[PDB]
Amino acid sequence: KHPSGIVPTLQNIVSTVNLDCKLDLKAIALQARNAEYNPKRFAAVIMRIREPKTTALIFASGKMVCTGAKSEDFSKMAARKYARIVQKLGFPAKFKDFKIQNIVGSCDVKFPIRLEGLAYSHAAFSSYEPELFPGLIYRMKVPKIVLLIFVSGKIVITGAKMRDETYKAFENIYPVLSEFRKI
């Protein structure tokens, strides 16, 4: 499962669910204290809960985005809790088509990387402009995943909709990272 002997830690999960009902945002924004709303700035009511620590963007259309959870299950859990809060408020809220939209992971290979060398050998995948951003942007094709590689050996993997995509991207990159270990 994990040949490199390293398991990326899941850091942020983004999901969406359909409450399947139109919502009155100003009413929700008035009844709730755990809520914010400035339509002039953004179309959603921003709401937050402590456990699991997350932030939901709630729309009039009944759709909802959930951010900040550390796992897929935590994300679904937080979404149901927001859905329960909306119900207590007077809306016939359901929970339709809950879907994990993005998973962000990170790990430490515990060795320095020669980013310049890596980018040169993988030009068709690499974006390295150190004066702009200190990390090398690696757009992997299979799985379709974006990895941010730093000189420190710190790696961020984002864009996954399944956690096995996150693990594979990392196992795919590990041998390349070793090839460009900074001695």
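Numbers follow the displayed sequence, beginning with 1.
- With 86 to 94 and 73 to 81 compared on mean CA B-factor from the PDB entry, the stretch scoring higher is 86 to 94.
- Averaged over Cα atoms, the B-factor as recorded in the entry is higher for 26 to 34 than for the other of 26 to 34 and 128 to 136.
- Of the candidates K40, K154, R48, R114, the one whose C-alpha carries the top B factor in the deposited record is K40.
- Of the candidates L148, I145, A123, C66, the one whose C-alpha carries the top B factor in the deposited record is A123.
- When the modelled residues of the chain are ordered by C-alpha B-factor, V176 sits in the lowest third.
- Among the modelled residues of the chain, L19 sits in the highest third by CA temperature factor in this PDB entry.
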